[PDB]
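With compact mmCIF, N, CA, C and O atoms inside, this is my_file-v9.txt:
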```
# COMPACT_ATOMS: atom_id res chain seq x y z
N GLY A 457 -169.24 18.10 98.44
CA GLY A 457 -168.67 19.42 98.28
C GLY A 457 -167.47 19.65 99.17
O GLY A 457 -167.48 19.30 100.35
N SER A 458 -166.42 20.24 98.61
CA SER A 458 -165.20 20.52 99.36
C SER A 458 -164.96 22.02 99.47
O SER A 458 -164.24 22.61 98.66
N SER A 459 -165.56 22.64 100.49
CA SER A 459 -165.41 24.07 100.70
C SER A 459 -165.82 24.85 99.46
O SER A 459 -165.07 25.70 98.97
N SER A 460 -167.02 24.57 98.96
CA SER A 460 -167.53 25.25 97.78
C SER A 460 -168.38 26.46 98.16
O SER A 460 -169.27 26.36 99.01
N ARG A 461 -168.09 27.60 97.54
CA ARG A 461 -168.82 28.82 97.82
C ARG A 461 -170.32 28.64 97.58
O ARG A 461 -171.15 29.13 98.34
N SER A 462 -170.65 27.92 96.51
CA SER A 462 -172.04 27.67 96.16
C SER A 462 -172.72 26.81 97.22
O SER A 462 -173.90 27.00 97.52
N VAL A 463 -171.97 25.87 97.78
CA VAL A 463 -172.50 24.98 98.80
C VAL A 463 -172.70 25.72 100.12
O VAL A 463 -173.64 25.45 100.86
N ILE A 464 -171.79 26.65 100.41
CA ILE A 464 -171.86 27.43 101.64
C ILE A 464 -173.04 28.40 101.61
O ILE A 464 -173.88 28.39 102.51
N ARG A 465 -173.10 29.22 100.57
CA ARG A 465 -174.18 30.19 100.42
C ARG A 465 -175.54 29.51 100.56
O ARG A 465 -176.47 30.07 101.13
N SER A 466 -175.65 28.30 100.01
CA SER A 466 -176.90 27.55 100.07
C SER A 466 -177.31 27.29 101.51
O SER A 466 -178.50 27.30 101.84
N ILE A 467 -176.33 27.05 102.37
CA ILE A 467 -176.59 26.78 103.78
C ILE A 467 -177.07 28.04 104.50
O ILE A 467 -177.94 27.97 105.36
N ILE A 468 -176.50 29.18 104.13
CA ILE A 468 -176.87 30.45 104.74
C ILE A 468 -178.27 30.87 104.31
O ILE A 468 -179.14 31.12 105.15
N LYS A 469 -178.49 30.94 103.00
CA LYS A 469 -179.79 31.33 102.46
C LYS A 469 -180.89 30.44 103.02
O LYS A 469 -182.01 30.90 103.25
N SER A 470 -180.58 29.17 103.23
CA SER A 470 -181.55 28.22 103.76
C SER A 470 -181.67 28.35 105.27
O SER A 470 -182.75 28.19 105.83
N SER A 471 -180.55 28.64 105.93
CA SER A 471 -180.53 28.79 107.38
C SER A 471 -181.60 29.77 107.84
O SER A 471 -182.14 30.54 107.04
N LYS A 472 -181.91 29.74 109.13
CA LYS A 472 -182.91 30.63 109.70
C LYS A 472 -182.27 31.87 110.30
O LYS A 472 -182.74 32.41 111.30
N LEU A 473 -181.19 32.33 109.67
CA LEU A 473 -180.48 33.51 110.14
C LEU A 473 -181.24 34.78 109.78
O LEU A 473 -182.03 34.80 108.84
N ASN A 474 -180.99 35.85 110.53
CA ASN A 474 -181.65 37.13 110.29
C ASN A 474 -181.48 37.56 108.83
O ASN A 474 -180.43 37.35 108.23
N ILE A 475 -182.53 38.16 108.27
CA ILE A 475 -182.50 38.62 106.89
C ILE A 475 -181.27 39.48 106.63
O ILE A 475 -180.69 39.44 105.54
N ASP A 476 -180.88 40.27 107.62
CA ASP A 476 -179.72 41.14 107.50
C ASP A 476 -178.43 40.35 107.65
O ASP A 476 -177.43 40.64 106.99
N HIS A 477 -178.45 39.35 108.53
CA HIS A 477 -177.27 38.52 108.77
C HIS A 477 -176.93 37.70 107.53
O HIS A 477 -175.78 37.67 107.09
N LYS A 478 -177.93 37.02 106.97
CA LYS A 478 -177.74 36.20 105.79
C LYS A 478 -177.19 37.03 104.63
O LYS A 478 -176.20 36.65 104.00
N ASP A 479 -177.83 38.16 104.36
CA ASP A 479 -177.40 39.04 103.28
C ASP A 479 -175.94 39.44 103.46
O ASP A 479 -175.20 39.58 102.48
N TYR A 480 -175.52 39.62 104.70
CA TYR A 480 -174.15 40.01 105.01
C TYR A 480 -173.20 38.84 104.78
O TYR A 480 -172.15 38.99 104.15
N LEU A 481 -173.56 37.67 105.31
CA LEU A 481 -172.74 36.48 105.16
C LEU A 481 -172.61 36.07 103.70
O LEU A 481 -171.56 35.60 103.26
N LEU A 482 -173.68 36.27 102.94
CA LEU A 482 -173.69 35.94 101.52
C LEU A 482 -172.95 36.99 100.71
O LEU A 482 -172.27 36.67 99.73
N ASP A 483 -173.08 38.25 101.12
CA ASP A 483 -172.42 39.35 100.43
C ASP A 483 -170.90 39.24 100.56
O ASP A 483 -170.17 39.40 99.58
N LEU A 484 -170.44 38.97 101.78
CA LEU A 484 -169.01 38.84 102.04
C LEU A 484 -168.46 37.54 101.47
O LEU A 484 -167.36 37.49 100.93
N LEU A 485 -169.25 36.47 101.59
CA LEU A 485 -168.85 35.16 101.09
C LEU A 485 -168.52 35.23 99.60
O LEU A 485 -167.61 34.55 99.13
N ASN A 486 -169.27 36.05 98.87
CA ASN A 486 -169.05 36.21 97.44
C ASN A 486 -167.73 36.92 97.16
O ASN A 486 -167.04 36.61 96.19
N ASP A 487 -167.39 37.88 98.02
CA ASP A 487 -166.15 38.63 97.86
C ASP A 487 -165.06 38.08 98.78
O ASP A 487 -164.15 38.80 99.17
N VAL A 488 -165.17 36.80 99.11
CA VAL A 488 -164.19 36.15 99.98
C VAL A 488 -162.86 35.95 99.26
O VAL A 488 -162.83 35.53 98.10
N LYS A 489 -161.77 36.26 99.95
CA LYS A 489 -160.44 36.11 99.38
C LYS A 489 -159.47 35.51 100.39
O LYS A 489 -159.28 36.06 101.48
N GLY A 490 -158.87 34.38 100.04
CA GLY A 490 -157.93 33.73 100.93
C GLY A 490 -158.47 32.41 101.47
O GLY A 490 -159.53 32.38 102.09
N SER A 491 -157.73 31.33 101.22
CA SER A 491 -158.14 30.01 101.68
C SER A 491 -158.32 30.00 103.20
O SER A 491 -159.30 29.46 103.72
N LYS A 492 -157.37 30.59 103.91
CA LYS A 492 -157.41 30.64 105.36
C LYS A 492 -158.58 31.51 105.83
O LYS A 492 -159.25 31.19 106.81
N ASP A 493 -158.81 32.61 105.13
CA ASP A 493 -159.89 33.53 105.48
C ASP A 493 -161.25 32.87 105.24
O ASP A 493 -162.20 33.09 106.00
N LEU A 494 -161.34 32.07 104.19
CA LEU A 494 -162.58 31.38 103.86
C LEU A 494 -162.92 30.33 104.91
O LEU A 494 -164.09 30.12 105.24
N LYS A 495 -161.90 29.67 105.43
CA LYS A 495 -162.08 28.64 106.45
C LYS A 495 -162.65 29.24 107.73
O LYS A 495 -163.58 28.70 108.32
N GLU A 496 -162.08 30.37 108.16
CA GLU A 496 -162.54 31.04 109.37
C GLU A 496 -164.02 31.37 109.29
O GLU A 496 -164.74 31.31 110.28
N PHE A 497 -164.48 31.72 108.09
CA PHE A 497 -165.88 32.06 107.87
C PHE A 497 -166.79 30.92 108.30
O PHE A 497 -167.87 31.13 108.85
N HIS A 498 -166.35 29.69 108.03
CA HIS A 498 -167.13 28.50 108.38
C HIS A 498 -167.14 28.30 109.89
O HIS A 498 -168.15 27.86 110.46
N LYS A 499 -166.03 28.61 110.54
CA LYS A 499 -165.91 28.46 111.98
C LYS A 499 -167.01 29.24 112.70
O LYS A 499 -167.62 28.74 113.64
N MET A 500 -167.24 30.47 112.25
CA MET A 500 -168.26 31.32 112.85
C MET A 500 -169.65 30.92 112.36
O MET A 500 -170.62 30.95 113.13
N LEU A 501 -169.75 30.55 111.09
CA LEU A 501 -171.02 30.15 110.51
C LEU A 501 -171.68 29.05 111.33
O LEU A 501 -172.82 29.18 111.78
N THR A 502 -170.95 27.95 111.54
CA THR A 502 -171.46 26.83 112.31
C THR A 502 -171.86 27.27 113.71
O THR A 502 -172.84 26.76 114.28
N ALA A 503 -171.11 28.21 114.27
CA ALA A 503 -171.40 28.72 115.61
C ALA A 503 -172.80 29.32 115.69
O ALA A 503 -173.48 29.20 116.71
N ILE A 504 -173.22 29.95 114.60
CA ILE A 504 -174.54 30.57 114.54
C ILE A 504 -175.64 29.53 114.67
O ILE A 504 -176.48 29.60 115.56
N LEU A 505 -175.63 28.55 113.76
CA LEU A 505 -176.63 27.49 113.77
C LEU A 505 -176.51 26.65 115.04
O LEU A 505 -177.52 26.19 115.58
N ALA A 506 -175.28 26.44 115.50
CA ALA A 506 -175.04 25.66 116.70
C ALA A 506 -175.88 26.16 117.87
O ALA A 506 -176.35 25.38 118.70
N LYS A 507 -176.07 27.48 117.93
CA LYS A 507 -176.86 28.09 118.99
C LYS A 507 -178.34 28.12 118.62
O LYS A 507 -179.21 28.01 119.49
N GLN A 508 -178.62 28.27 117.33
CA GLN A 508 -180.00 28.31 116.85
C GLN A 508 -180.79 27.12 117.37
O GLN A 508 -180.24 26.10 117.77
N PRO A 509 -182.13 27.24 117.34
CA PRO A 509 -183.03 26.18 117.80
C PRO A 509 -183.03 24.98 116.87
O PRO A 509 -182.40 25.00 115.81
```
As a first step, turn the structure in this file into structure tokens.
Amino acid sequence: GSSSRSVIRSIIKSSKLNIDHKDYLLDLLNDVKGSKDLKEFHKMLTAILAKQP
């Protein structure tokens, strides 16, 4: 997968993120606009799991 929305959402829904956090990341991810903006989303996403257990 090369920066696929379907591939990303799958990681969030599967991730152990807060029910409210996931819903937010998935809600915004669906209405994501801009290649550069979409990339930044991943930068923070990984940061979440990076800290997770």
**Fill in**
CA of residue 463 in chain A sits from atom O of residue 509 in chain A at a separation of 19.7 Å
**Prompt:** Hey, what does DSSP flag as helix (DSSP H, G or I) within chain A? Can you give it to me as JSON, numbers by chain?
**Reply:** {"A": [461, 462, 463, 464, 465, 466, 467, 468, 469, 470, 475, 476, 477, 478, 479, 480, 481, 482, 483, 484, 485, 486, 491, 492, 493, 494, 495, 496, 497, 498, 499, 500, 501, 502, 503, 504, 505, 506, 507]}
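Shell of residue 482 in chain A at 8 Å, with all atoms listed in the file counted and residues fewer than 3 places along the chain excluded, is residues 461, 464, 465, 468, 469, 476, 477, 478, 479, 485, 486, 487 and 488 of chain A.
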How about saving the chosen residues, N, CA, C and O atoms kept, as a PDB file, in the frame of the given file?
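The resulting result_7.pdb:
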```pdb
ATOM      1  N   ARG A 461    -168.090  27.600  97.540  1.00  0.00           N
ATOM      2  CA  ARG A 461    -168.820  28.820  97.820  1.00  0.00           C
ATOM      3  C   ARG A 461    -170.320  28.640  97.580  1.00  0.00           C
ATOM      4  O   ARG A 461    -171.150  29.130  98.340  1.00  0.00           O
ATOM      5  N   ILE A 464    -171.790  26.650 100.410  1.00  0.00           N
ATOM      6  CA  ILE A 464    -171.860  27.430 101.640  1.00  0.00           C
ATOM      7  C   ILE A 464    -173.040  28.400 101.610  1.00  0.00           C
ATOM      8  O   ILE A 464    -173.880  28.390 102.510  1.00  0.00           O
ATOM      9  N   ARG A 465    -173.100  29.220 100.570  1.00  0.00           N
ATOM     10  CA  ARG A 465    -174.180  30.190 100.420  1.00  0.00           C
ATOM     11  C   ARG A 465    -175.540  29.510 100.560  1.00  0.00           C
ATOM     12  O   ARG A 465    -176.470  30.070 101.130  1.00  0.00           O
ATOM     13  N   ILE A 468    -176.500  29.180 104.130  1.00  0.00           N
ATOM     14  CA  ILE A 468    -176.870  30.450 104.740  1.00  0.00           C
ATOM     15  C   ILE A 468    -178.270  30.870 104.310  1.00  0.00           C
ATOM     16  O   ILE A 468    -179.140  31.120 105.150  1.00  0.00           O
ATOM     17  N   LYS A 469    -178.490  30.940 103.000  1.00  0.00           N
ATOM     18  CA  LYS A 469    -179.790  31.330 102.460  1.00  0.00           C
ATOM     19  C   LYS A 469    -180.890  30.440 103.020  1.00  0.00           C
ATOM     20  O   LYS A 469    -182.010  30.900 103.250  1.00  0.00           O
ATOM     21  N   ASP A 476    -180.880  40.270 107.620  1.00  0.00           N
ATOM     22  CA  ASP A 476    -179.720  41.140 107.500  1.00  0.00           C
ATOM     23  C   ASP A 476    -178.430  40.350 107.650  1.00  0.00           C
ATOM     24  O   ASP A 476    -177.430  40.640 106.990  1.00  0.00           O
ATOM     25  N   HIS A 477    -178.450  39.350 108.530  1.00  0.00           N
ATOM     26  CA  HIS A 477    -177.270  38.520 108.770  1.00  0.00           C
ATOM     27  C   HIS A 477    -176.930  37.700 107.530  1.00  0.00           C
ATOM     28  O   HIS A 477    -175.780  37.670 107.090  1.00  0.00           O
ATOM     29  N   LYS A 478    -177.930  37.020 106.970  1.00  0.00           N
ATOM     30  CA  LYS A 478    -177.740  36.200 105.790  1.00  0.00           C
ATOM     31  C   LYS A 478    -177.190  37.030 104.630  1.00  0.00           C
ATOM     32  O   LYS A 478    -176.200  36.650 104.000  1.00  0.00           O
ATOM     33  N   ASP A 479    -177.830  38.160 104.360  1.00  0.00           N
ATOM     34  CA  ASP A 479    -177.400  39.040 103.280  1.00  0.00           C
ATOM     35  C   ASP A 479    -175.940  39.440 103.460  1.00  0.00           C
ATOM     36  O   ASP A 479    -175.200  39.580 102.480  1.00  0.00           O
ATOM     37  N   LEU A 485    -169.250  36.470 101.590  1.00  0.00           N
ATOM     38  CA  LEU A 485    -168.850  35.160 101.090  1.00  0.00           C
ATOM     39  C   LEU A 485    -168.520  35.230  99.600  1.00  0.00           C
ATOM     40  O   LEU A 485    -167.610  34.550  99.130  1.00  0.00           O
ATOM     41  N   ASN A 486    -169.270  36.050  98.870  1.00  0.00           N
ATOM     42  CA  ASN A 486    -169.050  36.210  97.440  1.00  0.00           C
ATOM     43  C   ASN A 486    -167.730  36.920  97.160  1.00  0.00           C
ATOM     44  O   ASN A 486    -167.040  36.610  96.190  1.00  0.00           O
ATOM     45  N   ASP A 487    -167.390  37.880  98.020  1.00  0.00           N
ATOM     46  CA  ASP A 487    -166.150  38.630  97.860  1.00  0.00           C
ATOM     47  C   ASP A 487    -165.060  38.080  98.780  1.00  0.00           C
ATOM     48  O   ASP A 487    -164.150  38.800  99.170  1.00  0.00           O
ATOM     49  N   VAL A 488    -165.170  36.800  99.110  1.00  0.00           N
ATOM     50  CA  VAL A 488    -164.190  36.150  99.980  1.00  0.00           C
ATOM     51  C   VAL A 488    -162.860  35.950  99.260  1.00  0.00           C
ATOM     52  O   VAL A 488    -162.830  35.530  98.100  1.00  0.00           O
TER      53      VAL A 488
END
```
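CA of residue 484 in chain A is found 19.8 Å from CA of residue 457 in chain A.
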**Asked** For the atom pair CA of residue 508 in chain A and atom N of residue 475 in chain A, what is the interatomic distance in Å to one decimal place?
**Response** 13.3 Å
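Considering all atoms listed in the file, the residue among A:458, A:491, A:504, A:498 positioned nearest to residue 473 in chain A is A:504.
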